[PDB]
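Participant: Experimental structure and its sequence below.
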Amino acid sequence: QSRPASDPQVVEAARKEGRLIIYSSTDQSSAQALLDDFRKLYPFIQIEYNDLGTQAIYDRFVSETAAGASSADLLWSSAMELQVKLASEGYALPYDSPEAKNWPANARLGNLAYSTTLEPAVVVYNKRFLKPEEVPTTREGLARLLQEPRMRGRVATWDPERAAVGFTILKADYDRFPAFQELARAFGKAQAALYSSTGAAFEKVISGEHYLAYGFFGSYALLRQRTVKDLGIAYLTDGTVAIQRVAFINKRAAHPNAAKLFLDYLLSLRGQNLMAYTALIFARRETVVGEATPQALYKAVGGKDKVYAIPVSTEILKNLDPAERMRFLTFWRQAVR
Ligand SMILES: O=S([O-])[O-]
Ligand SMILES: O=S([O-])[O-]
Ligand SMILES: O=S([O-])[O-]
Ligand SMILES: O=S([O-])[O-]
């Protein structure tokens with residue numbers, strides 16, 4: 001009674017194909033509960049989940065296509081600019097998902113590509129070193145905290161010159177909030193350590209070598225929290241940037257119909273519910289109940305209007321323009337060094 005909306009013609013064509021090839025940036029052990037639940041709904045589809053770096057998904061999909069090859073049926077990546085680039089250059093199958101009827105216009109590239117998540121950039125901190133009542137929830141507050149000599153060497157954030165997703169998050173921050181400029185000069189004052197990888201930043205927070213990290217995903221934070229009780233999460237109340245992992249179907253899928261079923265599943269309440277609950281990835285669908293959900297995010301930040309979703313839109317391709325990147329990175333490098 002929670003099966004996704006399904007074209008019966010699409011289900012029947014997927015019975016015949018019997019195969020689904022995914023290229024995904026989402027760790028298989030996060031995706032596993034979705035793949036297993038999907039296989040239980042459509043036990044007649046054999047799935048090949050390829051768990052890849054976001055740059056590799058792009059480089060690989062572009063070669064197989066250009067060499068004329070059988071490539072993925074479905075592409076699922078947190079690299080929003082690369083997905084929106086492919087989907088706006090002839091790589092995407094147009095499909096109107098029946099589970100996406102209430103997606104906002106800024107969560108879908110028309111019928112080319114869909115948001116599957118709404119993941120906040122948050123603050124994480126080590127409760128042994130910073131109590132919750134002293135962790136500020138505004139950029140101005142963080143900039144003040146980072147003047148304190150006890151915080152020198154105790155801050156982590158992204159290196160937006162080595163992490164594509166860190167670029168996207170810090171750039172959205174810089175474009176939307178003037179107080180980001182104050183904060184970035186404070187990263188400089190505090191000698192912030194910059195990380196290309198969430199894992200290496202968290203390791204240092206958990207050890208107490210950093211006390212606080214800025215701009216990492218809520219989904220990852222919650223996942224680490226489940227096993228690490230010293231890990232605190234604070235949500236920004238002056239304004240929160242959110243990432244949307246983007247899914248689209250290969251225009252040239254050998255199994256377009258199996259990809260349609262999987263895409264519909266990912267967007268369905270059943271799939272988004274299971275994602276929130278098992279993977280602790282923050283859902284896109286507003287009707288999901290639990291901690292990793294739009295409703296929970298909106299209450300934590302003090303209202304929906306305090307979340308700026310990075311849109312599933314060609315507008316974000318300005319992030320790939322050399323002069324646009326340059327202005328941000330020159331401000332960034334002057335501020336944090
Ligand atoms: O779930 S694994 O077998 O693709
Ligand atoms: O770029 S490495 O840190 O994933
Ligand atoms: O690439 S993420 O793990 O920082
Ligand atoms: O208190 S925990 O949500 O950081």
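Facilitator: The structure has been received and is ready for your questions. Residues are numbered from 1 along each chain as shown. Ligands and ions are numbered 1, 2, ... in the order given.

Participant: Run through the residues that contact residue 247.
Facilitator: Counting by Cβ atoms under 8 Å, 6 or more residues apart in numbering, residue 247 makes contact with 74, 75, 76, 83, 113, 114, 116, 263, 266. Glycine gets a C-beta too; all of them are placed from N, C-alpha and C.

Participant: gap between residue 301 and ligand 2?
Facilitator: In this view, residue 301 and ligand 2 are 28 Å apart by Cβ to the nearest ligand atom, to the nearest Å.

Participant: same question, residue 244
Facilitator: Here residue 244 is placed at a distance of 21 Å from ligand 2 (Cβ to the nearest ligand atom).

Participant: Double-check that residue 274 belongs to a helix.
Facilitator: Yes: assigned with DSSP: H, G, I helix; E, B strand; the rest coil, residue 274 falls within a helix.

Participant: What about it, how many residues nearby?
Facilitator: By the criterion of other Cβ atoms under 10 Å, residue 274 has 20 neighbours.

Participant: pretty sure it is touching residue 33, no?
Facilitator: Yes: under the contact definition of Cβ atoms under 8 Å, residue 274 touches residue 33, with a separation of 5.6 Å.

Participant: The stretch 101-250 of the chain: strands as residue ranges?
Facilitator: 114-115, 119-126, 155-158, 193-195, 212-217, 231-234, 240-243, 246-249 (DSSP state E, counting those that start in this stretch).

Participant: got the ones you listed as JSON lines, with distance to residue 92 columns?
Facilitator: Formatted as JSON lines, the entries for those read as follows, by distance: least, Cβ to Cβ, whole Å:
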{"stretch": "strand 114-115", "distance to residue 92": "10"}
{"stretch": "strand 119-126", "distance to residue 92": "22"}
{"stretch": "strand 155-158", "distance to residue 92": "28"}
{"stretch": "strand 193-195", "distance to residue 92": "32"}
{"stretch": "strand 212-217", "distance to residue 92": "25"}
{"stretch": "strand 231-234", "distance to residue 92": "34"}
{"stretch": "strand 240-243", "distance to residue 92": "19"}
{"stretch": "strand 246-249", "distance to residue 92": "4"}
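
Participant: what residues are up against the residue nearest to residue 46 when sequence neighbours are not counted?
Facilitator: Taking Cβ to Cβ, 6 or more residues apart in numbering as the measure, residue 46 lies nearest to residue 19, with 5.3 Å between them; neighbours along the chain are not counted. Going by Cβ under 8 Å, 6+ apart, residue 19 touches 45, 46, 47, 48, 73, 254, 255, 258.

Participant: what number of residues lie near the closest residue to ligand 2 within the stretch 201-337 of the chain?
Facilitator: Residue nearest to ligand 2 within the stretch 201-337 of the chain: residue 201 (9.6 Å; Cβ to the nearest ligand atom). When neighbours are defined as other Cβ under 10 Å, residue 201 has 27 of them.

Participant: Residue 320 too?
Facilitator: 12.

Participant: what's the burial count for the residue in the chain positioned nearest to ligand 3?
Facilitator: Closest approach between the chain and ligand 3, counting by Cβ to the nearest ligand atom: residue 198, at 3.5 Å. Residue 198 has 23 neighbouring residues, counting by other Cβ under 10 Å.

Participant: quick one: contacts for it?
Facilitator: Residue 198 touches 216, 217, 220, counting by Cβ under 8 Å, 6+ apart.

Participant: any idea how far ligand 2 is from the closest residue in space to the last one that isn't next to it in sequence?
Facilitator: Setting aside the residues directly before and after it, residue 220 is nearest to residue 198 in space (Cβ to Cβ, 6+ apart), at 5.2 Å. Taking Cβ to the nearest ligand atom as the criterion, residue 198 is separated from ligand 2 by 9 Å.

Participant: and what of residue 84?
Facilitator: Between residue 84 and ligand 2 the distance is 22 Å, computed by Cβ to the nearest ligand atom.

Participant: quick one: that residue and residue 316 touch, right?
Facilitator: Yes: Residue 84 is in contact with residue 316 according to Cβ under 8 Å; the separation is 5.8 Å.

Participant: So for those two, which sits in the more crowded spot?
Facilitator: Looking at residue 84 and residue 316 with other Cβ under 10 Å, you find the greater number of neighbours at residue 84, namely 26 against 18.

Participant: where's the more buried one, which helix or strand?
Facilitator: Secondary-structure assignment from DSSP states H and E places residue 84 in helix 80-87.

Participant: Could you give the separation of that helix from the chain centroid?
Facilitator: Its chain's C-alpha centre and that of helix 80-87 lie 13 Å apart, by Cα atoms, centre = their mean, to the nearest Å.

Participant: Contacts for that helix next, please.
Facilitator: 54-55, 57-58, 61-62, 75, 77, 92, 109, 112-113, 164, 168, 243-244, 246-248, 310, 312-314, 316-317, 319-320.

Participant: Okay then, goodbye and thanks.
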